[PDB]
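> build me a model:
(13 chains, ligands or ions: 10)
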Amino acid sequence: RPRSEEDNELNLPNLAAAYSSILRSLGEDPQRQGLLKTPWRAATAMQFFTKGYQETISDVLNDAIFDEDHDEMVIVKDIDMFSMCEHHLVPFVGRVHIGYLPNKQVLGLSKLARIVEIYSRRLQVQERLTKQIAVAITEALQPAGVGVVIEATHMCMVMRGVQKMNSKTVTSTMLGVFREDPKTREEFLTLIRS
Amino acid sequence: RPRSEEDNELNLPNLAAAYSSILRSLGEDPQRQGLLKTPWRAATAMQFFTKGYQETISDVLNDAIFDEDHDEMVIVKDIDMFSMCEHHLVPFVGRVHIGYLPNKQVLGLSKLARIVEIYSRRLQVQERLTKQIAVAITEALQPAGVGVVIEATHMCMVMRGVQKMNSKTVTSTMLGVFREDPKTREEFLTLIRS
Amino acid sequence: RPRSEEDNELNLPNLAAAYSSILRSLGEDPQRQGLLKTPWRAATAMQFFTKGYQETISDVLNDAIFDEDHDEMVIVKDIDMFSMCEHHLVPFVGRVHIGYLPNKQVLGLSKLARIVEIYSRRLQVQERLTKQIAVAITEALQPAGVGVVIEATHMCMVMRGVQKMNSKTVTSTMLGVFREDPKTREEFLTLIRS
Amino acid sequence: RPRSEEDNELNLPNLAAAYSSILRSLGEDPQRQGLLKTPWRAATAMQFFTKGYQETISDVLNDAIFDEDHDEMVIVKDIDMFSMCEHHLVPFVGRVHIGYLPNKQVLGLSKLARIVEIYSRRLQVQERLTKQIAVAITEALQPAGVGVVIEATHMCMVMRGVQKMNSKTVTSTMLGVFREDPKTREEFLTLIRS
Amino acid sequence: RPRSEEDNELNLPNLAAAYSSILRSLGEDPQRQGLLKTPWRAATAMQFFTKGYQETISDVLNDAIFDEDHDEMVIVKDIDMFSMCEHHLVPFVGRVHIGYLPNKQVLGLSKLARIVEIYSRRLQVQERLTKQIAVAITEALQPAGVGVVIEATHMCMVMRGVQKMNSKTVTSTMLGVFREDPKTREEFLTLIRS
Amino acid sequence: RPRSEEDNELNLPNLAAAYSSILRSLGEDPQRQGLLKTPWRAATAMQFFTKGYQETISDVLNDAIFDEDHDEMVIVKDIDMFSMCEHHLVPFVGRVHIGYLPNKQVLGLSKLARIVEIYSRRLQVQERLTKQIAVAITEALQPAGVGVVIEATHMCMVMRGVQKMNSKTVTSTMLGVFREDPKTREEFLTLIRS
Amino acid sequence: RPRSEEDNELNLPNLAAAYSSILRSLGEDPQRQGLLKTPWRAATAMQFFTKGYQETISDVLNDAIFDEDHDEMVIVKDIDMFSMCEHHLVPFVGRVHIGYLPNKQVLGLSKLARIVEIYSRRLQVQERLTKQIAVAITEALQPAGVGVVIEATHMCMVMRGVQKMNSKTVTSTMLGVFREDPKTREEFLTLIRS
Amino acid sequence: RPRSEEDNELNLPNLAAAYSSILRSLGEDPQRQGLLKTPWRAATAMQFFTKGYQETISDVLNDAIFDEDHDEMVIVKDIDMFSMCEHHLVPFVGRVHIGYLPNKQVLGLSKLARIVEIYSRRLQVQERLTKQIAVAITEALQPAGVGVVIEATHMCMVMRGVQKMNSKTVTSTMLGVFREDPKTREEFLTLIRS
Amino acid sequence: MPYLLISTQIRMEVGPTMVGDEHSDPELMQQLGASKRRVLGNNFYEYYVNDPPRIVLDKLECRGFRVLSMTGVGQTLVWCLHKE
Amino acid sequence: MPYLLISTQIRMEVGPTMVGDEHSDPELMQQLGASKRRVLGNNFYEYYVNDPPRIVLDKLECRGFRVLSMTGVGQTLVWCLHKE
Amino acid sequence: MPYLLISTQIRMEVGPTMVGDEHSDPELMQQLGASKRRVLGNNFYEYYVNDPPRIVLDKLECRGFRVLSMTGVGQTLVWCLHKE
Amino acid sequence: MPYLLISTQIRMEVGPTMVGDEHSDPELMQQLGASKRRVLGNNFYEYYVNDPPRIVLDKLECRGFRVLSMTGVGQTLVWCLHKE
Amino acid sequence: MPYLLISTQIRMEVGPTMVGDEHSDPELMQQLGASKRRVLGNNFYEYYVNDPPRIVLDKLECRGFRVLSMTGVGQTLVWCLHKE
Ligand SMILES: N[C@@H](Cc1ccccc1)C(=O)O
Ligand SMILES: N[C@@H](Cc1ccccc1)C(=O)O
Ligand SMILES: N[C@@H](Cc1ccccc1)C(=O)O
Ligand SMILES: N[C@@H](Cc1ccccc1)C(=O)O
Ligand SMILES: N[C@@H](Cc1ccccc1)C(=O)O
Ligand SMILES: [K+]
Ligand SMILES: [K+]
Ligand SMILES: [K+]
Ligand SMILES: [K+]
Ligand SMILES: [K+]
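Numbers count the residues shown, from 1 in each chain, chains lettered A, B, ... in the order given. Ligands and ions are numbered 1, 2, ... in the order given. Below you will find the coordinate block:
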């Protein structure tokens, strides 16, 4: 069952209470002029970061898939994405690069962008998020192939770990011809390279 | 009273429980193979981000302040810093630039770095963090002047707000000659500029 | 046997003494106001640079290895590293680039970062360091393949040699599919290239 | 008394023994195929870094000072300089920028560079190095003014401190018109700025 | 008396003879298939580098100076220049920046470029070359002011000195309003700055 | 026979005379206060640029070749080099890129750097310099392959030719697997590419 | 009298004839397959480059000037411009930067762009072009001040002169407060600077 | 028959007359103080842009071709080149990249540069210029292959066409192994790429 | 205590106006209604007033002071007054 | 009200000329034909006149004021006048 | 017309020296040999003289003016003179 | 020795205050409690005092000096005093 | 010749001090021991002296001149003197 506006309102207080607890558990006075409304804002923020749960690929699907008799690689690169690390509940920021070999059917930008948001705005693991976006595109188009690449900075190595904001994690999922034909894979990596 | 290793271990469980609550309150099953240890990791992380509360300028102070008979501006720039937004409990990352006009007494790097770590690893507001570091340096050196500038990206405007990771917030605190003499202020902004 | 906190304390004095000797052997007065605590800070530093000896891949191992049913290339790039030249006892600084084709088992960031720290913080030879990190990742994951690339600047050619800080040394180790399949090897170098 | 070729050879063995001691004091076997000649190489290195003690501004002085009836600012910027931190015996690397208002007498490039080498190749403190180069130039030319600015990366904050190779320390010494005339100081900072 | 095509031809052989001599004095066999024509090519080169001696500002002068009723700053920047160090007979390469406040009379690009070439193509000292170009412009225009700035790399510090091609020398000459009005001087430096 | 310190001193006067001659042959007064010591400095310079004649790969050889059981590509790139054109006696500046597939034996940086210096500090032809450095490495290591790439700027086209400092000459020598295997060659060019 | 569509057609042949003559005077055969339509194309081009004569500020003027009660500096920068050198009939390409302190009346972008085109597309001298645009803006707005800066590359120095496409010519015209107030002038140069 | 110094002087007047015509044909008064000497300068310029006709590959040929027993790719890149569009008589500016696999015989830089100058300084079509330079090198060397790539900006699309100075035209000619072996071609494009 | 120094910044038609230093006459300061403070970072106390310098000049004349000199420096306008 | 402050900017041969603040004598301001306004962002009113400072100085002498001091500060030329 | 303002720029030992605005006494301007002009872009006329300010000050004394104040502003040196 | 020059920087309510040069009256300097020094790089000695310029002005009046002029220059406030 | 202008730069406690222009009284210049020169690029001659302005002021008083005004402009300190 997909999360809903009702669920949020019925849970917001819980979240607000959990955060108010944490504030104390850390040493803060949840009553300070600048900490009063925090529990709620923090909660509101944590719901926005996980708002992906209240959606499904279906909501997007057919609404915007056009026939353009096109059968050559299509790429949409440098798509900003923000997500949450299911391990430390700290976000990891980055960029998403998508490419696919249409089988007549093409996907609209807005729709594609929505698919990325749906799976990214929820507790994730880069590997899984990459894969989920690739399969979603595969199902919504029955393409000859599809490739997805994500490069991201994980804040749990920037602040934590020591001081490694420099570090970047790259993951990828190659289905169809993007998996079997090295040439298609190379050209995709070239066209997003720069 | 500065927080302590005991305080942490006695509170870890409480934090863990609050996060375990949040997990559910969001729609997740705190039981998943990958969500089991989360509440603890999440709690440990949130303690590391606020480990500044268990410290005081005193611990640093005299331990490393040398006499080098110097009386010309000294600058340390591009000091990486990570902190937590007291308003949304989301972090804001950036750089700190520091300058001061010594009165014979100079401050060792590590000590300086320690001062920055102490006030940044705790719930903060950029304006405040800037001022505290400036004052901490003024007390640990009785210098003829001191200046501090911080530039940071606030994650609550990157993901939230809409999508503005571009935005940067700059704050400064000028004490002593750094406040009264425009020439000193300019030279300071020039020398950190590039 | 792994070095230990005790070993350090029992050796600190010995180091301090060796350095205090060197100070003299060079021409300095180990008594100067600013050289007094040097033999100790020098010894402390020299131990922090080699603190890798007091650890083993085991300490890290199982602690963080998750099953994510992933079987496509995973890359962590631009990992800052600092090491010591076993030949001149001068440090060489740089970056490490890692990649591996998982066999279901994935390695967590922190664990990966710890593996790099363990072998780099000790007297080394870039060639060896590269290989040790590679084998360590192979042992902790039984992957289909793994590739490690290190690019560093050796200070013994920046100051010494003449003045060659420009120079960069590049080493690599490719195991498994990374060694036998030119295509995997190329995709890996492309993905870390930029 | 200036150190000399004799002093070195008579001390080399003492240094080699001290390092061989340190090797042991850390956990290494000074007998390994690759650690055998290290005590000596380490020693030779440690002497090359401090070879500045075996020289004096005099050796340079008059040898290259030409009359060119010039009385306008002259600047030599981006001079590479490597030095040793007298606090941890770890080196700090960077750039030196010199400017001066001649009083008819100009300095040759080689001589200028020689003055930099002489004071940088020895145990130092950035603030002191800066000031010595400034005075050395003042004494060798009786100029109307002179300015020196050094920007360097301290390795005891890169590896140590945590991981701060980003950080940069900027020091300066302004004598004569460079101290009293804000306009000369601004022009000087502008011309080295880029 | 300005050098002439005759002087050259009547001297080429003396040049070729000196270079053939140097070849031997170094250890080479002036007879090698690739060194045979060298004495002449070297001689021809060395004359091209000093061909400015066979010219005078007069040859340029009036030929191209137009009245445009202009009385605001005119700047020509990033003019490439190549010259010979009169101290080591090694060249120094760089850029020239010119600006002047016309008194109704303006100078043609070509002519301005010729003035630079005339003084740069001869044995020089950066300070002197800067001053000759400045005065030459003051003489051919009677302007309210003129400024010249030269930035260059001296090959006698790139190869020689140690390895310092990084180093750059900056010289300048400010006559008229460029000398007396700080505001004009700043604007000039700002407009060439970028 | 390798040139020696004696040869220089016995020839220095001969060089000084040749330059003193050239000074005259160009139109200068070898007597000017600033041209007096030139014949000697020019001669000293010309000997420093060709000091590679007084050395052989033997001097370097065995002194620093270690066994590290390594058998994967090793690369040292961006090595600054300066040389003399045997055709015009004008220097060409640039960078050297070396790569080799060791057969257990590895060469130390200093030694590698010394090899480059030995052949570049002498009258050269880029194509020859590239090949000599490559063969020297092959002889001192019996590697499975080696590759050398030089990119330089020739001053006989910067000043001369017209004004072509933009132009860059690229030469390479590929032996062993670097010649027969396109994949090794490509990886080497990729790794030095950036 | 402003040139017109009739004048052109009545003159185009005259141009084509002239070019057909030039083609011969150079050595070409105005008959070759590819040279046949050249005289006309060259003519069409030369008219297009001078189409500014067939226009007047009037045509633009009142058509787009809006009242927005604005009295703070407005800046339009990086306006590409192409012009012809009245001295050699070769074009000079560059950018125009315009600023003005409005007196209630503002100028629309198109109109401003059209003013630049009008005076640049005709035989010019950079100093004049800068001034004409400056006065044109003054007349069309009675502003408290106006500033214009033009930076351009002159092809008569790129190809001709020798090879100097690197060279840039900077001219400016400051009227009203842009001339009398140094502060306004500085701000303007700052805002267009980057 | 190659054009000659006589031909020019006997035609200069004819050119001057044609241009003086154009001046009127456009709307100008060839009598203006600044337009008087224009017809001659314009004529002079137009002959310099086509001075390539008065030469032949022969003039260059043998004069500088040396035997260096070299059989690996040689590349000379980023050679600046200016030329004239035979279609609109507007110049096109760019860069030429050359490479060739010598058959023992190598070409001198000056000679190579002269070849480019010869064919570029004359009415041209990019495709043709590329081919003539390629063939010229093939005839002067009988190499195993040769490659030439030209990238240029066409001024008849910058100003004309609309405003397209952004656009670049790339042409190439591959002869010998450069044509037949895809591997050589790739290496050549990689080595000039950056 | 014959001399007195007052000043204002940026604009003259509005305060604050600096009317004294640490060793200023306490009575005179009180008569002007001047507050006292030490700005963070400064090693000295200052007496200020919220009135425009013109108003402070009128009050100061009533107490017998006259303006001897007025000058600008940086963004600070300064008045030098002398009593009798 | 013995003291008065007037000023002009950038250039002295042209106005506007600032002749008063919020607490200025309304009559005197009216005699000079001074307008009043509060520039957006400023927390104070100012009285100005379109005449060149020299003209304003003559009018001011007619009303009994004399120039005691003139100084520059920033791009502002300031006159300090005293009545009697 | 009791007040007069003159000025010079960059350097004091050389002119031009600005001696008047549009509403200056035509006779006095003529006595000083002052030219009149309106620089492009400026909305006002100015009277100038090629003499150094020191020379203009001597001539001005002969006509009964005395220097009351001298001040710098920007790169402009300004003299405020009063007649009688 | 009728003329004297004193100055302060950045702020007027605090010292140091420069009271003399190398050729200053040794007695007067001593009366003010002025120290002497030559800042590194400078080719001249200077006499300074830790008191605020206002205090130094009062002491100076007692010795017969009067303030003739006060001016700003750079970040330096300067007083020109004359004795009798 | 009732008016005189002198000046110094950067620092007041040391010279040089500019004491005259091309049309200065040759005798007075000689009495001060002033040298004359024309800096390259300038279209005018200037009389200077190596003494600090304070010394030059004392000498000038002996010849009957009195300081009327002192002002800063740029990095130049200027004194306006009047004889009788
Ligand atoms: N701020 C004004 C000057 C000023 C400052 C203080 C008081 C009065 C005027 C300017 O920049 O022109
Ligand atoms: N704008 C003048 C200064 C000035 C301000 C006000 C009135 C007169 C002059 C300058 O910069 O030189
Ligand atoms: N140009 C002088 C200031 C000045 C202006 C006008 C007259 C005299 C002096 C300086 O910058 O120091
Ligand atoms: N520093 C003050 C001016 C000032 C300096 C020195 C003494 C008094 C005032 C400013 O910038 O406004
Ligand atoms: N150089 C001083 C001002 C000054 C100049 C000349 C004489 C006296 C003082 C400053 O900038 O603060
Ligand atoms: K105020
Ligand atoms: K005004
Ligand atoms: K002047
Ligand atoms: K002070
Ligand atoms: K001085």
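> let's verify residue I:15: helix, strand, or coil?
coil (DSSP: H, G, I helix; E, B strand; the rest coil).
> distance of the spatially most central residue of chain I relative to chain D?
Taking CA atoms, centre = their mean as the criterion, residue I:19 is the residue nearest the geometric centre of chain I, at 2.1 Å. Distance check for residue I:19 against chain D: by CB to the nearest CB, to the nearest Å, it reads 29 Å. For every residue, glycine as well, the C-beta is placed using N, CA and C.
> wait, that residue sits on residue I:51?
No: counting by CB atoms under 8 Å, residue I:19 does not reach residue I:51; the two are 9.1 Å apart.
> let's verify the residue nearest to the centre of chain I: helix, strand, or coil?
When states are read from three-state DSSP, the local structure at residue I:19 comes out as strand.
> and the residue of chain I found nearest chain B, how many neighbours?
Ranked by CB to the nearest CB, the top residue of chain I for proximity to chain B is residue I:41, at 2.9 Å. Residue I:41: 21 surrounding residues under other CB atoms under 10 Å in any protein chain shown.
> need phi/psi at it.
Residue I:41 adopts backbone torsions of phi 90, psi -30, taken as degrees, to the nearest 10.
> contacts only, for it.
B:138, B:145, B:146, B:174, B:175, B:176, B:178, B:179 (CB atoms under 8 Å, 6 or more residues apart in numbering or on different chains).
> dump those residues into CSV; add secondary structure as well.
Below are those laid out as CSV (three-state DSSP):
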residue, secondary structure
B:138, helix
B:145, strand
B:146, strand
B:174, strand
B:175, strand
B:176, strand
B:178, helix
B:179, helix
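> cross-check these against chain J and keep the overlap.
When contact is defined as CB under 8 Å from any CB of the partner chain, the contacts of residue I:41 do not meet chain J at all.
> most neighbours among the residues you listed, please name it.
If you count neighbours using other CB under 10 Å, the busiest of these is residue B:146, which has 28 neighbours.
> and that residue, what does it touch?
Counted by CB under 8 Å, 6+ apart, residue B:146 has contacts B:98, B:99, B:100, B:101, B:134, B:137, B:138, B:174, B:175, B:176, B:178, I:41.
> please repeat the previous calculation with a cut-off of 10 Å.
When contacts are counted by CB atoms under 10 Å, 6 or more residues apart in numbering or on different chains, residue B:146 is found next to B:74, B:98-102, B:107, B:133-138, B:173-179, B:188, I:41.
> setting aside sequence neighbours, what's the nearest residue to it?
Spatially, and ignoring its direct neighbours in sequence, residue B:146 is nearest to residue B:100 (3.9 Å; CB to CB, 6 or more residues apart in numbering or on different chains).
> okay, and the one you found sits in which element?
strand B:91-101 (DSSP states H and E).
> what are the buried residues along that strand?
Going by neighbour count (16 or more other CB atoms under 10 Å in any protein chain shown), the buried part of strand B:91-101 is B:91, B:92, B:93, B:94, B:95, B:96, B:97, B:98, B:99, B:100, B:101.
> okay, those in a markdown table with distance to ligand 8 next?
Rendered in a markdown table, the data for the buried residues of strand B:91-101 read as follows (distance: CB to the ion, whole Å):
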| residue | distance to ligand 8 |
| --- | --- |
| B:91 | 59 |
| B:92 | 54 |
| B:93 | 54 |
| B:94 | 49 |
| B:95 | 47 |
| B:96 | 47 |
| B:97 | 42 |
| B:98 | 44 |
| B:99 | 39 |
| B:100 | 42 |
| B:101 | 38 |
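> just to revisit the earlier point, okay, the angle between the strand holding residue B:100 and strand A:91-101?
For the pair strand B:91-101 and strand A:91-101, the angle between their directions (axes from the mean of the first three to the mean of the last three CA atoms, to 10 degrees) equals 120 degrees.
> for chain I, longest helix please?
helix I:53-62 (DSSP state H).
> and residue A:78, what does it touch?
Shown in contact with residue A:78 (CB under 10 Å, 6+ apart): A:95, A:96, A:97, A:151, A:192.
> repeat the analysis, applying 6 Å as the threshold.
When the contact criterion is CB atoms under 6 Å, 6 or more residues apart in numbering or on different chains, the partners of residue A:78 are residue A:95.
> in three-state terms, label it for me.
Three-state secondary structure (criterion: three-state DSSP) places residue A:78 in strand.
> now it: how far from ligand 7?
Shown here: residue A:78 relative to ligand 7, a distance of 52 Å by CB to the ion, to the nearest Å.
> distance of that residue relative to ligand 3?
Taking CB to the nearest ligand atom, to the nearest Å as the criterion, residue A:78 is separated from ligand 3 by 51 Å.
> kindly report the same for residue A:136.
Using CB to the nearest ligand atom, one gets 69 Å for the distance from residue A:136 to ligand 3.
> please apply the same query to residue I:38.
When distances are taken as CB to the nearest ligand atom, residue I:38 and ligand 3 turn out to be 35 Å apart.
> and residue I:54, by the same measure?
When CB to the nearest ligand atom is the yardstick, residue I:54 and ligand 3 sit 29 Å from each other.
> likewise residue A:96?
Applying CB to the nearest ligand atom, one obtains 57 Å for the distance of residue A:96 from ligand 3.
> for that residue, give me its contacts.
Contacts were defined as CB under 6 Å, 6+ apart; by that measure residue A:96 touches A:79, A:81, A:116, A:150.
> as TSV, those residues with neighbour count would be great.
Putting the contacts of residue A:96 into TSV (neighbours: other CB atoms under 10 Å in any protein chain shown) gives the following:
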residue	neighbour count
A:79	18
A:81	23
A:116	24
A:150	25
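> need those residues in JSON lines with secondary structure and distance to chain L, can you?
Conversion of these to JSON lines gives the following (DSSP: H, G, I helix; E, B strand; the rest coil; distance: CB to the nearest CB, whole Å):
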{"residue": "A:79", "secondary structure": "strand", "distance to chain L": "53"}
{"residue": "A:81", "secondary structure": "strand", "distance to chain L": "51"}
{"residue": "A:116", "secondary structure": "helix", "distance to chain L": "56"}
{"residue": "A:150", "secondary structure": "strand", "distance to chain L": "54"}
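> just the closest of those to residue G:86, please.
residue A:79 (51.4 Å; CB to CB).
> any idea how far the closest residue in space to that closest one that isn't next to it in sequence is from residue A:170?
The shortest distance from residue A:79 to any residue that is not its chain neighbour, by CB to CB, 6+ apart, is 4.3 Å, and that residue is residue A:96. Separation of residue A:96 from residue A:170 (CB to CB, to the nearest Å): 11 Å.
> how about the strands in chain I?
Listed in chain order, the strands found in chain I under DSSP state E are I:3-9, I:17-21, I:35-37, I:46-49, I:66-73, I:76-82.
> the shortest one and chain L, are they touching?
So that's strand I:35-37. No: applying CB under 6 Å from any CB of the partner chain, one finds that strand I:35-37 is not in contact with chain L, the shortest distance being 11.3 Å.
> what about residue A:114, neighbour count?
Counted with other CB under 10 Å, the neighbours of residue A:114 add up to 18.
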